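# Secondary and tertiary structure notes
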2 protein chains.
Amino acid sequence: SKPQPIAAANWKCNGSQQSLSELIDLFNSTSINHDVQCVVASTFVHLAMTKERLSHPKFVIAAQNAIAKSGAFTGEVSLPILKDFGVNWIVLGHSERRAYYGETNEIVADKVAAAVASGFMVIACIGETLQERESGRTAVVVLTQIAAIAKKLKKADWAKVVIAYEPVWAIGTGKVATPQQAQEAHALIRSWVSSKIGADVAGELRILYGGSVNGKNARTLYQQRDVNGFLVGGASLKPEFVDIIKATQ
Amino acid sequence: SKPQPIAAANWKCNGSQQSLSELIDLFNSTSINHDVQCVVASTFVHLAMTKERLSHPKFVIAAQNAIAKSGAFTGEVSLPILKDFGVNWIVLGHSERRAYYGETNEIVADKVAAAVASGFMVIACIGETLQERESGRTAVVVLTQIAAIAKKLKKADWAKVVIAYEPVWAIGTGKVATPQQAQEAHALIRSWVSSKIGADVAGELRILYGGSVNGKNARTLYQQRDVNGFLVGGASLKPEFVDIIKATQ
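Per the deposited record, X-ray crystallography is how this structure was determined, to a resolution of 2.5 Å.

Right under this line is the structure:
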């Protein structure tokens, strides 16, 4: 007995005027039969165009990142800026940031909260690496991350949260995650929330899988018991996204 | 015998719809009597609005930052994206990035080049810190930075370059730079370019000062022999910017 699923497009560092024009036209002509929440998160440069073009009411826009405060922080963007722009969704702690940009469990927890404090909806990312997988550290690891976040939240805040789980271990390492594994992971986090925060809370919380999802392997993964959605990469620039959405019926 | 000066507004991590609306209206009603190049660099979020609103023809827009390539680099922005958005000016290696964001002489040199390669106009930032000042290291330091850049350029590329000098040592340290000092610094770099690259090149190159400039201390600093402009912070959100511009007659 599932909560409302989410299909979030993570466009990352891609796009053009024409191409994105193209996609969004696609989106807007697409008939979304069920209760899904579609999330599109582009570049700071493209948000406006996006804010302007998506008119499909089952879709929202989000940021791929931000920093908590305004100021003397050249070329960075802040929550307060985003809100004013009228953006109520954000993705924080994405593996790529953690890895190439110095995001520790600590900065993340600190941002999610602030974002949380400022009334945003948050897709907080977590996951473990290859070495972490192999030494058998997955639990010890993801729990730690989740904690770091949770330490900073009110229970009433959990409601603005969403946990997308990224299996960093199989992301570009030549290694492959199966649907079982994915499920095995989501069930972990859930037990945590549950045992630790409230099953009332655990029950309603959404958990997306952010490994590799395509138009093929999608249904199969939504069918998994603890899966409530997707955090998509490549496919999200493609039309297949429409297929991944339907995958969430 | 000076080249065309530049008055670049560095809005950093600030702004709102209304406030920025306000400023730009200011800008557009301002009569700019002389040959100045006015540069406005805002957030990625605000570029469009800015691209839309500034209509004053002696003004351009720029980015406060970017990364060389598109891809799997969440929440970052790239050259190729910017160009497509129609943005031909960028600021790279700003002290704040270097300090809080891991920008070494090496990344910078690598970006400026790429930016250079992609047809951008570049305000490359340099400067030394407090400890660097005190041990008497200013030359040894700025030269090193400039080099790092220069290593990567063609002589014909120097033409898309602009060197703004930031005296990191007096920026928020409670320490104060004088107009003499500023001049002393610009003359350093110039001798370098000159001795090292071509006086043809040295002659035409612009050097802005990015220390603290306000509506007061401005004229006095433009009067300095080796000063060709400004890289402004706070004042740039204020109307005083208009005064700093005039300061460049």
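Now for unusual backbone geometry. If you check the backbone angles, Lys12 of chain A has positive phi at about 50 degrees while not being a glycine. Residue position: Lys12 of chain A is located in the loop between β1 (6–10) and α1 (17–28).

The next point concerns the interface of chain B and chain A. Between chain B and chain A, the residue contacts involve 35 residues of the former and 35 residues of the latter. Summing both sides of the interface, chain B and chain A together bury roughly 3100 Å²; the carbon and sulfur share of this comes to 58%. By the criterion of area lost to chain A, the three top residues of chain B are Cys13, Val45 and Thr74 of chain B, representing 25% of everything that side buries. Taken together, chain B and chain A are joined by 2 salt bridges. Across the contact surface, chain B and chain A share 16 residue pairs in polar contact. Of all the elements in the fold, those that place two or more residues in the side of chain B that touches chain A are α2 (47–53), α3 (79–85) and α4 (95–100) of chain B. The element contributing the most residues to the side of chain B that touches chain A is α3 of chain B, with 4 residues.

Moving on, we get to helix α7 (residues 138–150) of chain A. Residue and element names in this part refer to chain A. Along its 13 residues, α7 runs 18 Å from first to last C-alpha, staying within 8% of the 18 Å computed at 1.5 Å per residue. Within the sequence span of α7, burial applies to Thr138, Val141, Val142, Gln145, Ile146, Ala147, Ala148, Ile149 and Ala150. Where α7 is buried, its residues meet α4 (95–100), α5 (105–117), β5 (121–126), α6 (130–134), β6 (161–165) and α8 (179–197).

Our focus in this paragraph is the packing of α7 of chain A against α8 of chain A. All names here are of chain A. Contact pair α7 / α8: the axes reach a minimum separation of 10 Å and the direction vectors enclose 45 degrees. Accordingly, the angle class assigned to the pair α7 and α8 is oblique. Between α7 and α8 the crossing geometry is right-handed. Judged by residue contacts, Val142, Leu143, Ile146, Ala147 and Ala150 of α7 engage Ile189, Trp192, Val193 and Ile197 from α8.

Turning next to the pairing of strand β7 (residues 206–209) of chain A. All names here are of chain A. Residues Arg206 and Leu208 of β7 are buried on one face, and the alternating residues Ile207 and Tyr209, pointing to the opposite face, are buried as well. As judged from the 4 bridges shared by β6 and β7, these two strands associate in the parallel manner. Bridge pairing in β7 places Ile163 opposite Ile207.

In the UniProt entry, the feature "active site" is given for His94 and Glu166 of chain A. A maximum C-alpha distance of 8.4 Å places the annotated residues, which cover 73 residues in sequence, within one compact spot. Position of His94 of chain A among the secondary structure elements: in the loop between β4 (89–92) and α4. Those residues in contact with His94 of chain A that lie beyond four places of it in its chain are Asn10, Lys12, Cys125, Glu166 and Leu231 of chain A together with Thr74 of chain B. A distance of 3.2 Å separates a polar atom in the side chain of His94 of chain A from a polar atom in the side chain of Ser95 of chain A. By the secondary structure assignment, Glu166 of chain A is in the loop between β6 and α8. We classify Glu166 of chain A as buried; its relative accessible area is 3%. For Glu166 of chain A, the residues in contact, after removing those within four places along its chain, are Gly93, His94, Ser95, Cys125, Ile126, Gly127, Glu128 and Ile171 of chain A. Within the structure, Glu166 of chain A has its side chain in polar contact with the side chain of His94 of chain A (distance 3.4 Å).

The rules we used
Residues numbered from 1 in each chain as written, not as in the entry; some residues may be left out. Chains lettered and ligands numbered in written order. Heavy atoms only, no water. Helix = DSSP H or I, 4+ residues; strand = E, 2+ residues; numbered from the N terminus. Contact = heavy atoms within 4.5 Å. Buried area = accessible area lost by both parts, 1.4 Å probe. Salt bridge = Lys/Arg side-chain N within 4 Å of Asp/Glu carboxyl O. Polar contact = N/O pair within 3.5 Å; in protein donor to acceptor, adjacent residues only side chain to side chain. Expected span 1.5 Å × (residues − 1). Buried < 20%, exposed > 50% of the residue type's maximum accessible area, 1.4 Å probe, protein only. Axes fitted to C-alpha atoms, helices over the stretch in contact; angles between N-to-C directions. Parallel < 35°, antiparallel > 145°, perpendicular 65-115°, else oblique. Left-handed = near helix turned anticlockwise from the far one by under 90°. Pairing = 2+ DSSP bridges. UniProt positions renumbered as here; feature names shortened; annotations may be inferred.

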